[PDB]
Amino acid sequence: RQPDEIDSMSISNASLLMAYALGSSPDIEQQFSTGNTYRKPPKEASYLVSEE
Amino acid sequence: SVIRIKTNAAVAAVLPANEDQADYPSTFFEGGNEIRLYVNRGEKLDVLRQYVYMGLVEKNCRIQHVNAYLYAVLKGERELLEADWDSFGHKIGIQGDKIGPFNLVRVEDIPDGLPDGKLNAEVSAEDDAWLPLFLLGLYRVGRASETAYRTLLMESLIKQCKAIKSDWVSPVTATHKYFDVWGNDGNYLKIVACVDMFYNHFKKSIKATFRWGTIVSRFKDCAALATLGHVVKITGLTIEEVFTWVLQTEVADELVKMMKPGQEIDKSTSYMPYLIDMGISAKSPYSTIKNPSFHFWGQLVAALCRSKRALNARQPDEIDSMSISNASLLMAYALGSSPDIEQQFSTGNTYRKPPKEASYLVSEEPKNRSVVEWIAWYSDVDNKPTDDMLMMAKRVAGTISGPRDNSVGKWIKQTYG
Amino acid sequence: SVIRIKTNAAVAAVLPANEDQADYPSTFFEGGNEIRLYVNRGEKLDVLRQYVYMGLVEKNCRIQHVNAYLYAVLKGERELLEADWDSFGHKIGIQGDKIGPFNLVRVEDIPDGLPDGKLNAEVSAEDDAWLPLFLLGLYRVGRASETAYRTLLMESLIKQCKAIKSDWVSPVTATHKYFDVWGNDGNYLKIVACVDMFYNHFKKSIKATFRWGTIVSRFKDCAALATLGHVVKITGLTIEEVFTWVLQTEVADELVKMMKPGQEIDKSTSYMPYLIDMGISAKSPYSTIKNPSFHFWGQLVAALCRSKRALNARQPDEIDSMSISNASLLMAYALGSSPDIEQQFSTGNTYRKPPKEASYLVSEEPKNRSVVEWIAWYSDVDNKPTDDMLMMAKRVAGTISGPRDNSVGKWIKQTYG
């Protein structure tokens with residue numbers, strides 16, 4: 001149920017920003033390994049797609 | 001090193017309500033080494049078989065009768081041990097002696113519950129060929145609730161109409177569910193488990209036909225192990241190679257909890273598969289419900305890999321479905337971009353002789369199935385699926401002629417398609 | 001040789017629940033063990049012939065009667081052994097002797113189980129031209145369960161209506177299945193196997209017509225051998241060349257276990273074809289269920305090579321089908337891109353006269369069927385099928401007018417098409 005008398009216009013906007021962030025950066029980290037490495041992350045600086 | 005949360009003035013620590021854990025089969029045998037069966041022993045076999053045979057003719061068959069009879073007919077069926085049989089520290093039999101079907105559990109005398117009524121019918125001194133098979137067969141029929149409940153009784157009647165000569169009236173009701181009570185009796189679950197584990201060891205014995213209706217008791221509520229084995233066979237990867245692809249931190253903790261060493265999950269002829277029916281453990285940790293976030297992973301990977309069996313796997317609500325589905329498509333699109341394609345036999349010729357020229361920059365798609373090379377490749381696309389990648393997902397979506405509701409097949413249709 | 005698996009702290013055990021293997025014909029007869037047919041003898045032939053006819057006219061034709069009768073009527077049909085007959089070390093007959101149909105197995109008189117009842121009807125005593133053929137032929141009707149169950153009886157009725165003169169009453173029921181029980185009797189399976197193996201050797205004998213209805217006993221639960229033989233004929237490759245194409249590491253493992261040397265798999269005059277009916281093994285290693293991933297391989301290749309029988313080949317659940325289908329399509333498109341075209345006869349003229357080309361830059365498509373040239377060719381396209389390659393797959397998809405509910409026939413239509 002959508003609760004009447006809330007900032008429905010703004011709360012829906014903040015919710016979409018959080019939902020689109022979880023999908024654009026999923027919980028994607030390897031866990032197990034057989035003696036192989038860890039993708040050696042070099043900490044990216046900037047992608048110009050949407051500076052996402 | 002926990003991270004504290006503050007606000008515009010002060011800290012506000014947060015913790016929600018908890019949830020329940022699971023039990024393990026091995027912990028029960030540290031002080032309570034012996035299982036406790038309770039069957040009525042003292043009445044003669046022929047009197048017990050007729051107490052059941054008139055309870056079977058009536059849609060009102062009590063459970064104390066079926067337990068007392070099955071202990072009588074199935075107690076002399078001893079068989080030769082060709083090799084020591086010892087699991088979880090409780091040895092069952094030394095080499096060269098005949099053990100019976102009931103030496104797997106201590107047979108304690110029943111609490112005073114001697115069966116009432118059901119006056120004996122005519123002489124059925126030859127009906128032991130089917131009676132244990134029928135009463136054991138209702139456990140399989142007691143389970144199914146859908147139209148398979150109709151199919152199984154017809155298959156069960158064939159198993160016993162073949163048993164005597166030709167004639168067999170069918171006392172069993174077509175659709176009444178009075179024998180569903182039998183699955184709630186803890187002693188009846190133990191005798192049903194003893195018949196299956198015993199004849200799984202002596203598969204060559206003539207009485208192995210009784211295993212119908214009790215084979216379902218083996219590896220019960222352990223579907224998470226079947227999911228791990230299903231992924232290994234369909235993916236073509238080794239069991240170790242499947243573990244490296246567990247891209248979620250939460251899915252690994254659920255996969256780790258099932259792998260606790262001293263549980264004898266490996267090797268047959270163990271007490272672990274029958275942990276629940278024997279009472280060895282409540283709510284088995286290998287059940288699908290106890291580790292849902294791992295159950296969706298892999299089963300979705302098997303789907304995307306054209307399983308057709310994973311498509312009817314109820315997607316478990318309350319998991320990181322948005323992220324688990326992304327790791328599955330990357331794993332599924334890696335298995336198709338590097339098929340298990342290696343020469344095996346040879347008539348005297350050589351191999352593709354790869355010289356490893358650093359890499360090809362077409363889409364720098366790795367030519368191997370190693371997770372490390374693929375995760376680094378997937379980061380170049382900002383961890384968002386590529387065109388080609390969604391295109392395979394629509395190809396898998398086209399095989400789902402009709403999904404089951406709220407299933408993995410519905411998930412592939414709504415998300416990827 | 002297991003590899004170790006770590007996480008962010010510690011190692012994790014990597015073993016799932018196990019499963020069981022199959023037996024081999026050679027391991028039996030390792031002690032010199034004899035097959036032991038166990039049938040009740042000592043009763044007169046004519047009374048057993050009448051005990052059977054007075055059960056056959058009714059819907060209750062018990063099997064102890066048919067076993068005792070078939071041993072009586074069919075023991076003495078001896079035939080001229082023109083050459084030594086020796087399988088698995090247990091010699092059957094020396095050259096030049098009258099042999100027999102029942103000397104392949106020890107007679108081993110049964111513990112007293114003599115059939116009761118069914119008093120004799122009128123005397124025929126000359127109708128053995130059809131009676132063994134019907135009871136042996138009724139085993140074949142025991143198998144089919146669909147409308148072919150009706151078609152086989154029509155073939156059985158014509159075989160015996162022609163047997164007497166013109167007249168033939170048909171005691172057999174049109175559809176009742178009281179004789180489906182007969183296939184579970186171990187003695188009946190042994191006698192039905194002896195008639196087929198005996199008359200497979202003496203094909204010229206007049207009583208070889210009895211072989212109808214027992215031919216189903218040959219290579220039973222050995223469909224993987226029929227699949228391996230089918231690919232050699234449909235693809236046109238030599239049996240050696242088919243082994244070289246096994247692009248999956250798993251498909252090789254079934255062929256290795258299927259080829260165990262001392263099993264007399266090649267020899268006709270051997271005990272191997274009757275693995276199930278003779279009791280030599282309780283689970284043939286050559287069954288389709290015992291060798292998955294090989295059964296999907298080849299049968300999909302036979303499909304893709306436009307075989308009409310492979311389309312109804314049960315796709316084995318729980319395999320790496322996504323990878324096998326890629327290797328299968330690559331093999332099928334190689335047989336079509338270089339058909340066996342070498343000239344054979346000649347009037348004194350020559351052949352395609354190749355002057356050592358060694359390299360054409362069209363698509364470097366090899367002109368031969370060697371696996372090595374195709375694997376290197378497939379590696380240049382990153383082990384993904386080409387346009388031209390899928391275009392052949394759509395061509396095979398258009399001939400699949402209607403698939404059954406699953407199997408490879410769904411594969412060519414659903415994925416490649």
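Summarised in this report is the structure supplied together with it. (Residues numbered from 1 in each chain as written, not as in the entry; some residues may be left out. Chains lettered and ligands numbered in written order. Part of a larger assembly, values for the part shown. Heavy atoms only, no water.)

## Quick notes on the overall build of chain B
Alright, step 1. Helix and strand counts for chain B come out as 13 helices and six strands.
Alright, step 2. Taken across its 417 residues, chain B has 49% of its residues classed as buried.
Alright, step 3. Sequence separation of 24 or more characterises 74% of the internal contacts of chain B that already satisfy a separation of 6 or more.
Alright, step 4. A total accessible area of about 20,800 Å² is found for chain B, and carbon and sulfur atoms account for 51% of it.
Alright, step 5. Of the side-chain charges in chain B, 49 are positive and 51 negative, and the distance between the mean point of each set is 3 Å. (Helix = DSSP H or I, 4+ residues; strand = E, 2+ residues; numbered from the N terminus. Buried < 20%, exposed > 50% of the residue type's maximum accessible area, 1.4 Å probe, protein only. Contact = heavy atoms within 4.5 Å. Areas by Shrake-Rupley, 256 points an atom, 1.4 Å probe, with all protein chains shown as cover. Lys, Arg positive; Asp, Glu negative; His and termini not counted. Charge placed at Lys NZ, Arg CZ, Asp CG, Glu CD.)

## Notes on the packing of aromatic side chains
Residue and element names in this part refer to chain B.
Alright, step 1. One pass over the structure, following the stated rule, counts 41 aromatic pairs over all chains.
Alright, step 2. On the basis of an interplanar angle of 85° and a centroid distance of 6.2 Å, the ring pair of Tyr-333 and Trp-374 is categorised as edge-to-face. With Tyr-333 in helix α10 (residues 321-337) and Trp-374 in helix α11 (residues 371-379), the pair connects residues that are 41 residues apart, well separated along the chain.
Alright, step 3. Overall, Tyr-333 belongs to the buried group, its relative accessible area being 9%.
Alright, step 4. Taking the relative accessible area as the measure of exposure, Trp-374 reaches 0% and is therefore buried.
Alright, step 5. Three or more aromatic residues joined by ring pairs make a cluster, and in this case those are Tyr-139, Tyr-149, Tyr-178, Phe-179, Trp-182 and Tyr-188.
Alright, step 6. Directly above the aromatic system of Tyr-24 lies the positively charged group of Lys-260, at a separation of 5.0 Å from the ring centroid. (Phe/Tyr/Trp six-rings, centres within 6.5 Å; stacked < 30°, edge-to-face > 60°. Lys NZ or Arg CZ within 6 Å of the ring centre and 35° of its normal.)

## Focus: the interface of chain A and chain B
One frequently used descriptor of interface size is the decrease in accessible area upon assembly of the parts.
Alright, step 1. At the interface, 20 residues of chain A touch 26 residues of chain B.
Alright, step 2. Here chain A packs against chain B, burying approximately 1,900 Å² in sum over the two surfaces, 57% of which is carbon and sulfur.
Alright, step 3. The largest per-residue losses of area from chain A upon contact with chain B belong to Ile-28, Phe-32 and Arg-39 of chain A, which jointly make up 34% of the total buried on that side.
Alright, step 4. Counting the contacts that link chain A with chain B gives zero salt bridges.
Alright, step 5. Counting across the interface, chain A meets chain B through four residue pairs in polar contact.
Alright, step 6. Tallied by class, the residues present in the side of chain A that touches chain B amount to seven nonpolar, eight polar and five charged. (Buried area = accessible area lost by both parts, 1.4 Å probe. Salt bridge = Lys/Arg side-chain N within 4 Å of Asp/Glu carboxyl O. Polar contact = N/O pair within 3.5 Å; in protein donor to acceptor, adjacent residues only side chain to side chain. Nonpolar A, V, L, I, M, F, W, Y, C, P; charged D, E, K, R; others polar.)

## Section: the environment of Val-251 of chain C
Residue and element names in this part refer to chain C.
Alright, step 1. Along the chain, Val-251 falls in helix α8 (residues 249-258).
Alright, step 2. A relative accessible area of 1% places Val-251 in the buried class.
Alright, step 3. Those residues in contact with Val-251, other than ones at most four positions away along the chain, are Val-246, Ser-293, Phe-294 and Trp-297.

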